[PDB]
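This report concerns only the one structure given below.
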There are 2 protein chains.
Amino acid sequence: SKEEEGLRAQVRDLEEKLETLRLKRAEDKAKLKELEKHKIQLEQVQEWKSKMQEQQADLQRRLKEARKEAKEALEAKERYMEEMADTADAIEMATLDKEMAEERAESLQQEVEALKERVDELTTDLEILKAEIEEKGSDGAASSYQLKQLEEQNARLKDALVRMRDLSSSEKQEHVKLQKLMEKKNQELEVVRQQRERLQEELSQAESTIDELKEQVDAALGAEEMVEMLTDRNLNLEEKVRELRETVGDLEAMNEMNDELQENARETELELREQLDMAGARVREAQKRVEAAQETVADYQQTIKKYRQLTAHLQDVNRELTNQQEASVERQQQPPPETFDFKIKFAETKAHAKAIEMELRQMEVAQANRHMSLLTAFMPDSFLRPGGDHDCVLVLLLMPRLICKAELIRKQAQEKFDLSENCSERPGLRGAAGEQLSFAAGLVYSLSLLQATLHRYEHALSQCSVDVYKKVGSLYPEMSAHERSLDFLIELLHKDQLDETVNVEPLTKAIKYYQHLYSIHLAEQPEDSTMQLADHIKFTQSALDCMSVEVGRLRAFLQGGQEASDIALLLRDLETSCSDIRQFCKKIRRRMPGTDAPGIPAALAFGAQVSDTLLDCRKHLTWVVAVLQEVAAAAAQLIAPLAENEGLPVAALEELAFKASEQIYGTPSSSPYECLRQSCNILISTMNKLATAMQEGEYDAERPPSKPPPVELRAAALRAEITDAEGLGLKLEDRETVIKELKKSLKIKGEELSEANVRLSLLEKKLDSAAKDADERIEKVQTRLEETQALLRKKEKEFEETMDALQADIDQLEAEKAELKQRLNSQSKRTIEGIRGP
Amino acid sequence: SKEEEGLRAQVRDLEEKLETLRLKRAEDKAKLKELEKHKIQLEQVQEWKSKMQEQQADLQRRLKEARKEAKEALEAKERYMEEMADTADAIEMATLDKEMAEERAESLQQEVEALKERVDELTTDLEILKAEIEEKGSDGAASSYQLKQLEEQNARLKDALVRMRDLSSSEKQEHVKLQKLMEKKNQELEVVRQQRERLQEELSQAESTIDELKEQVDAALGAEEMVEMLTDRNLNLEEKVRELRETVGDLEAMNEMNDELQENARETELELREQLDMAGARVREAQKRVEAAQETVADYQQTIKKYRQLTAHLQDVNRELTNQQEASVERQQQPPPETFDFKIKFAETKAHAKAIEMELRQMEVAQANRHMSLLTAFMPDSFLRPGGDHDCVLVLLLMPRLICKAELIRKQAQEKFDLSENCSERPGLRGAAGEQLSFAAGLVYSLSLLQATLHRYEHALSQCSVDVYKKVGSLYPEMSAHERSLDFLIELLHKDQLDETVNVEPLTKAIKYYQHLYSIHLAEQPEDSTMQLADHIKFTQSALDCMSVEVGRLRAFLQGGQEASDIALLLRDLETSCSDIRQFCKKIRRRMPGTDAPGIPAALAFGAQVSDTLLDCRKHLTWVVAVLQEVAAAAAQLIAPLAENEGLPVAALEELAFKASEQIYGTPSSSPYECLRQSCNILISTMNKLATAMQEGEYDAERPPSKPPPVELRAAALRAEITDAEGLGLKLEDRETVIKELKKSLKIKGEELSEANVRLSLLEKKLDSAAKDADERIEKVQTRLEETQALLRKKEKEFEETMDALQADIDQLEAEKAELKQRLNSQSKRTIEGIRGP
């Protein structure tokens, strides 16, 4: 199927999605781990972020402070440069003035020193005196000439003195400037050394600060480590809280179903509890129905006691009125029981016994149906096919069943409507009571007709041929369909709804059908005279009941004062005829077979003319009943609008009788009076003759039981057909076995032939080659004998040479021994014969 | 198709799995959203952190500079107010130096004036000396002093030259030592400046390190704030995990009651439904009593109709006898005719239907009997023969019939004797009431056992083989004989004569019969687990009823005041064991198959171990019931002569209990106390285990496949053969022709084989004769050969013996020759030595 392939594709698709989304949840949990890492990092960057915000603010504030304090230091320094300007400008006058004063003093001092040198220079300027001096002579003046040369050398030296004095002054000035620059440099060196020591202290402070900050970072790393291990714990707990929340939701959902389920169970327990409150009242109210039917069984039993005491007392009063043969008249042969009482227990016992009986009967019915099914399983389809032997059996059952149903309806209808011989005198025949009685009588009449027809069927099928039996059986469906009119009537009786409003169309149709079918297929079957006559009596009695009821109704329809009218006389005559025919029926019934009383024959037999007379009697009875019923129906329609004290005119009833008689008898212009009178006269004469013949024993006969019924003949044929083919199967099995054994025997004994036949060939050849082989072992053995004899002769000469050689050796040895003895003697003799010279 | 439904179920399962892990995925992806904005704003706060670290670094730079600058501005102001002081001093003593230099210049001015006066004086004196020497001309002795002054001045001037040359060189020595003190101090200042610069660089590096460490400290101060964030969160989450786990536990716990309460509600519901089914069994029993009292009203109403017809007939006879005696007229009065005119009419409207139903059922029974007689007529003789298929069908019918009769009797007996669960507390258990209850309980127990056995029979025969079916059918007369034990009991119930005096041996004895016949012919047929369990429950309940009744009777038999004895509280223990086992039976019955209620399986299936356990349970039940019944019977006819106020001693009841316990349990010297208690413990344990396994569905199964009953196959076969048996005849004709041909072929090569065998025997006559002739001309030859061979061998020892003798005979001769030779040699030597004279 294509749908299977589509479902398989969707299964694979869903399985693949389940792989992918499981793998994705695994990835997606790992990715949640990345969430929690990012959360730690975000809290770290946020904490550093806020701390950073005031760190930046604090650095800005410190920068504000440091720059403000630097600017204030600069402002102080600047107002203070102003004070510098004042004092320094005052200095540079004062040094200008001191410097002019010092330069003036130094100029005056150099002029003082040059003037002292000029005083000495003038003492040497006495050198000028040379000119006056050497012009005078030679002793003192010319001596002063050399004096003056020395004096000029002096003047020469003095100038160099002055020059180096000036140079020394310059050097002194430079000296002072140098040493007081040096004082400045010492101050600078001291300041720089102090600044170096301050920088060393500040470096030591910063450097201790680095160490202390490292220590603080270590403690705060303890805090970070504290954070990380707190966070690991916290993430585990978050996962667990989340999972527990989900589980809590699931459990809440289960608990909520369980709460409806308990509520529904509680509602059902409440419903069962007032169902038990119902049912205790139902057991009490069915038990009140039980004590009520047990009070009805009570009162039925107190009234079977009251009818038992009443029947006992009426029997004792009757037996007292009969024991009255003598004056005594005083004997009640029964002790009075009381009321319900022992009878109570009798009926509770009988109800218990009847309950047991009904359970047993239900069990029997179920058993019969089961046995029925099991048996049906065993006989073949040819039996069960439509129109087969089963349908014929069903027909044989159908007629007794139909007869029984018709009898049940007839008896119940007679009892319910109190159909009695005196129905014509019942009050209220003009109204609904008359219609009810007419309906009941007609129903009983129709049922009697049906029963007679079915009795004919039963007899004919008990004695017909097998062919007719099968033909009737083939009609079983159609002629079983008509039972279901009678079933309708029985259902109406069961519901107490059988009344004059009931439609009897189907029953009449069924009767006509059965009569017609009998006329077609069973017409020349013989009839049973005994219960042909019994059925005739029953039919006649039912027809007479109908006739009497209709006569009474028609009399009630007549207007008062018309009793001397011609129709009223006819009605009275019909009533008298009814009584007479009923008396004849009773007379015939007394001699009817069935009881082992003296004078009653075992059976009846009469000729075909008696049967024809009975048919004619039935036809006339049917005509009279039909006429009366039609007239009464029309008259009832006419009388309905009339008052109770008003009646119909004889003219109207006469017209109705004219019409009905013409329609039913078929004879135009025949008076209904003398049609009906003729029919009744024929009936009276016929029953009178029949009653006389019966009383005289003219019809007495010995009783003709049916030959083996066609069903038994057919069953014997079917069993024979089954058997001498059922045994054929066993025969076939045996012939199977025989055939297998036989052809097995064929190969076995054929290949026994083949073996024997090879053996023939072999030992024919063996006989021939046995002649051959006998010859050739004879030659073998006889060659062997020759060879052995040849050895014997061989060995015999060899023996003989060996004998001869050994004997020669023995002879030679004996001769040699004798020769040695001779030689011994001869040597001894030669010794003494050699000494004697010749 | 099966596969489409399986695929749809798998699709549904896949879909639910995807939806569950999609919802877990969805929670996870909400958390992933949480991640994914956490990552966005981690990058945002990280850009922010890095950017503002840049800004902080710039601020740190600026603040370093500003501290630098404030320090330098303060130092400049301080040096500069040092300079204010220095400048004020310079002003003051520049003014003072101006005044000193002024009077110094004035003093030198006075000196200049005096020296210019002396220069004028010397010029005048030189002019005077000029005039004097111009006057003198001739001169003497005045040229000496000036000469001396002029060497002394040449020397003085050269010495003063050298003198303040030395002074200039000393000033330059001081000035050079000074200047090199400059240069050393400037180098010292340069070195201190270099040290200061290096210190300042190192301090700058240290300050950078300090700022970075301070910032680390900042981040980790934030970390401390997380430490206490996370600590609080972690405590709260631990508490929340604990609370969520507790809520999970609470929800699980009242889910657990909700399940238990649902089970208790179902149990109470079924007890209410058992009470509703005994209210409805009282409705069905009060019905069958209303139906029984209504067909009893129908029979009594037919009886009052017969009594009414008889009383009307007797009243008509008495009234014609009263025709001459009395006739009534009566004034106005309204006593209705007969106490039940419309009471009988109402019971007629109602159970007139019941009378009709009785008649219809009777004719249905007659029709069924006739129908199955007619059908039997068509059945072959092989079917109807003793041991045939008919007997097998009759077995299949007999044994459901037996079951139905069986609890008809059980069901009536329970009602009649009011066998209830509380029979142990009924008054009068010591007397006839106890005996009646014991009889009723035992009867119900036996009937339950019989029903269980027959149920096994029904199940086995529905599924056995045809062969087993056939021998079981062959035993039909024998098992059908046992039915009228039950028929006798139904007699007794119908007559209300079923009491404790009834002999139940035929029933027990039929039960034992059926128990073999099953053990022999149906032993390895499979059992129906469901209705095995159902029968076990029913049997156990009946046994418990017997059990309780006997316990109550034994308690009633005990002496007053012996309630504390071992036997009395053993009896109490047995009573509680009964109650517990009954509760387990109810539990099991609740989930038992048979109703279309949810949770009830279609069928039950359990292994052979469970079946064996059930058998053991039944065995122990039987033992305990038998012991109690035997003890109670013996005690009852020990207590009969005792007064109502007197009781049995515990010694007597114990001694009876010991006797019964041995000869039922078969174990000598075992205390009845352990035996009974152990049996009850086994029952309770097993029965509780079964209830539990039943309650969690361990035995649930579908109904097994229906497979054709042996009767069906047989029936089919029987009917089948009937059909094919037509064609079998044609086959038999063919097989017969084959057999005739096979036999003919067998005969021909039958006497071909015989002919070959004869020829074989004849030809190997020929060989044997030919062989014999050959053999005894052959024998004749090797007789000669054997004789020659024997001669050759014989004639060969004779040579060997002889020629050994010849060898010895030569060999003696050589010895004699040797002796003569050494005699000859001795004589020869004497001849030679005698020939040389000495």
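By convention in this document, the chains of the structure tokens carry letters A, B, ... by their order, each chain's residues are numbered from 1, and ligands are numbered from 1 in the order they are shown.
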Item to check | Who sits within 9 Å of region 133-146 of chain A, only C-alpha atoms, same chain under 4 positions skipped, as a list in words | outcome: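 The filter keeps residues 127, 128, 129, 150 and 151 of chain A; 130, 133, 134, 136, 137, 138, 139, 140, 141, 142, 143, 144, 146 and 147 of chain B.
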Checklist entry - Once the least-squares fit of chain A onto chain B is done over all Cα atoms matched in order, how many Å of RMSD are left? => result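 C-alpha RMSD, chain A fitted to chain B: 36.6 Å.
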Checklist entry - Leaving out region 288-300 of chain B and any residue of its chain fewer than 6 positions from it, which residues lie within 7 Å of it when counting only C-alpha atoms, given as a list in words? => result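 Here the qualifying residues turn out to be residues 290, 293, 294, 297, 300, 350, 351, 352, 354 and 355 of chain A; 351, 352, 354 and 355 of chain B.
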Convert the current residue selection to file output with N, CA and C atoms, as a PDB file, in the first residue's frame.
ATOM      1  N   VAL A 290     -43.187  -9.536  45.940  1.00  0.00           N
ATOM      2  CA  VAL A 290     -43.080 -10.949  46.285  1.00  0.00           C
ATOM      3  C   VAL A 290     -44.058 -11.305  47.393  1.00  0.00           C
ATOM      4  N   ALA A 293     -47.467 -10.995  45.323  1.00  0.00           N
ATOM      5  CA  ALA A 293     -47.757 -12.216  44.593  1.00  0.00           C
ATOM      6  C   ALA A 293     -47.778 -13.399  45.538  1.00  0.00           C
ATOM      7  N   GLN A 294     -47.211 -13.245  46.732  1.00  0.00           N
ATOM      8  CA  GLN A 294     -47.308 -14.288  47.740  1.00  0.00           C
ATOM      9  C   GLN A 294     -48.532 -14.077  48.608  1.00  0.00           C
ATOM     10  N   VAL A 297     -50.724 -15.527  45.665  1.00  0.00           N
ATOM     11  CA  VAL A 297     -50.556 -16.934  45.973  1.00  0.00           C
ATOM     12  C   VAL A 297     -51.162 -17.246  47.331  1.00  0.00           C
ATOM     13  N   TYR A 300     -55.076 -16.832  46.450  1.00  0.00           N
ATOM     14  CA  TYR A 300     -55.217 -18.028  45.625  1.00  0.00           C
ATOM     15  C   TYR A 300     -55.032 -19.291  46.417  1.00  0.00           C
ATOM     16  N   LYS A 350     -44.179 -24.743  45.790  1.00  0.00           N
ATOM     17  CA  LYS A 350     -44.480 -24.944  44.381  1.00  0.00           C
ATOM     18  C   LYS A 350     -43.832 -23.867  43.527  1.00  0.00           C
ATOM     19  N   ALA A 351     -43.737 -22.645  44.045  1.00  0.00           N
ATOM     20  CA  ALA A 351     -43.017 -21.588  43.358  1.00  0.00           C
ATOM     21  C   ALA A 351     -41.534 -21.900  43.292  1.00  0.00           C
ATOM     22  N   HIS A 352     -40.969 -22.412  44.383  1.00  0.00           N
ATOM     23  CA  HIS A 352     -39.575 -22.835  44.352  1.00  0.00           C
ATOM     24  C   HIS A 352     -39.371 -23.962  43.344  1.00  0.00           C
ATOM     25  N   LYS A 354     -41.261 -24.696  40.763  1.00  0.00           N
ATOM     26  CA  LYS A 354     -41.496 -24.187  39.420  1.00  0.00           C
ATOM     27  C   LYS A 354     -40.329 -23.346  38.932  1.00  0.00           C
ATOM     28  N   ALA A 355     -39.697 -22.575  39.819  1.00  0.00           N
ATOM     29  CA  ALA A 355     -38.486 -21.859  39.437  1.00  0.00           C
ATOM     30  C   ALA A 355     -37.392 -22.832  39.028  1.00  0.00           C
TER      31      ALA A 355
ATOM     32  N   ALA B 351     -50.519 -13.223  33.704  1.00  0.00           N
ATOM     33  CA  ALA B 351     -49.994 -14.585  33.641  1.00  0.00           C
ATOM     34  C   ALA B 351     -50.894 -15.556  32.874  1.00  0.00           C
ATOM     35  N   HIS B 352     -52.026 -15.118  32.335  1.00  0.00           N
ATOM     36  CA  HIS B 352     -52.634 -15.781  31.196  1.00  0.00           C
ATOM     37  C   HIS B 352     -51.638 -15.799  30.054  1.00  0.00           C
ATOM     38  N   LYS B 354     -48.555 -16.022  30.813  1.00  0.00           N
ATOM     39  CA  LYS B 354     -47.646 -17.070  31.275  1.00  0.00           C
ATOM     40  C   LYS B 354     -48.166 -18.465  30.952  1.00  0.00           C
ATOM     41  N   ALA B 355     -49.477 -18.672  31.052  1.00  0.00           N
ATOM     42  CA  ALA B 355     -50.065 -19.944  30.641  1.00  0.00           C
ATOM     43  C   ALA B 355     -49.865 -20.179  29.148  1.00  0.00           C
TER      44      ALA B 355
END
Next on the checklist: With only C-alpha atoms as the counted atoms, please give the residues lying no more than 9 Å from residue 615 (chain A), apart from itself and same-chain residues fewer than 5 positions off, as number ranges by chain.
Outcome noted: A: 536, 610, 620
Grab the residues selected above and save them as a short mmCIF file (atom, residue, chain, number, x, y, z; two decimals), in the first residue's frame with N, CA, C and O atoms.
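So the final result, stored in again-v1.cif, reads:
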data_model
loop_
_atom_site.label_atom_id
_atom_site.label_comp_id
_atom_site.auth_asym_id
_atom_site.auth_seq_id
_atom_site.Cartn_x
_atom_site.Cartn_y
_atom_site.Cartn_z
N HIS A 536 -64.99 -32.66 10.96
CA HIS A 536 -66.31 -32.22 10.50
C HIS A 536 -67.19 -31.82 11.68
O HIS A 536 -67.88 -30.81 11.61
N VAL A 610 -70.00 -40.90 1.43
CA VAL A 610 -70.13 -40.26 2.74
C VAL A 610 -69.24 -39.03 2.81
O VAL A 610 -69.64 -37.98 3.33
N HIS A 620 -72.80 -26.04 2.55
CA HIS A 620 -74.06 -25.40 2.93
C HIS A 620 -73.91 -24.61 4.23
O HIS A 620 -74.44 -23.50 4.35
#
Next on the checklist: Ranking A:173, A:501, A:328, A:667 by minimum distance to chain B and counting only C-alpha atoms, which one comes first?
Outcome noted: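 Smallest distance to chain B is found for A:173.
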Item to check | Polymer residues at most 9 Å from region 249-252 of chain A, only C-alpha atoms, same-chain spacing of 5 or more positions, as a list in words | outcome: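 Once the adjacent positions are removed, what remains is residues 244 and 257 of chain A; 248, 251, 252 and 255 of chain B.
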Go ahead and save the residues from that selection, with C-alpha atoms, as a short mmCIF file (atom, residue, chain, number, x, y, z; two decimals), in the first residue's frame.
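Produced file out.cif, reproduced below:
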data_model
loop_
_atom_site.label_atom_id
_atom_site.label_comp_id
_atom_site.auth_asym_id
_atom_site.auth_seq_id
_atom_site.Cartn_x
_atom_site.Cartn_y
_atom_site.Cartn_z
CA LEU A 244 13.48 20.68 40.11
CA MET A 257 -5.67 14.48 37.08
CA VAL B 248 8.80 17.33 44.83
CA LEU B 251 3.78 16.16 45.40
CA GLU B 252 5.07 12.61 44.92
CA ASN B 255 0.28 11.46 44.18
#
Next on the checklist: With distances taken over only C-alpha atoms, which residue among B:409, B:270, B:440, B:241 lies nearest chain A?
Outcome noted: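 Checking each candidate against chain A, we get B:241 as the closest.
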Checklist entry - Which is closest to residue 467 (chain A) among A:710, A:387, A:598, A:431, if we use only C-alpha atoms? => result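 Checking each of A:710, A:387, A:598, A:431 against residue 467 (chain A), counting only C-alpha atoms, the winner is A:710.
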Checklist entry - Nearest to chain B among A:80, A:665, A:476, A:658, with distances taken over only C-alpha atoms: which residue is it? => result A:80
Checklist entry - CA of residue 596 (chain A) and CA of residue 709 (chain A), how far apart in Å? => result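 If I compute the distance from CA of residue 709 (chain A) to CA of residue 596 (chain A), I get 26.4 Å.
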Checklist entry - Please, what distance in Å, to one decimal, runs between CA of residue 303 (chain B) and CA of residue 497 (chain A)? => result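 Rounded to one decimal, the two atoms are 24.0 Å apart.
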Checklist entry - Which value, in Å to one decimal, gives the distance between CA of residue 700 (chain A) and CA of residue 607 (chain A)? => result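 These two atoms are separated by 12.1 Å.
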Next on the checklist: Need the shell around region 220-237 of chain B: protein/DNA/RNA residues with any atom at most 9 Å away, counting only C-alpha atoms. Skip same-chain ones fewer than 2 positions apart. Format as a ChimeraX atom specification?
Outcome noted: /A:43-51,217,219-221,223-224,226-228,230-231,233-235,237-238,241 /B:215-218,239-242
Item to check | helix (DSSP H, G or I) residues, from DSSP on the backbone, in region 450-540 of chain B, as a VMD selection string | outcome: chain B and resid 450 to 463 466 to 474 476 to 481 483 to 494 505 to 521 529 to 540
Item to check | Best match for closeness to residue 509 (chain A) among A:664, A:450, A:372, A:460, counting only C-alpha atoms | outcome: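 Under the stated criterion, the closest residue is A:450.
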Next on the checklist: Given only C-alpha atoms as the basis, pick out the residue of A:343, A:326, A:4, A:408 nearest to residue 359 (chain B).
Outcome noted: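 The answer is A:408, which sits nearest to residue 359 (chain B).
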Item to check | Contacts of region 313-316 of chain A at 7 Å (only C-alpha atoms; same-chain gap of 3+ positions) as a ChimeraX atom specification | outcome: /A:309-310,319-320,332-333
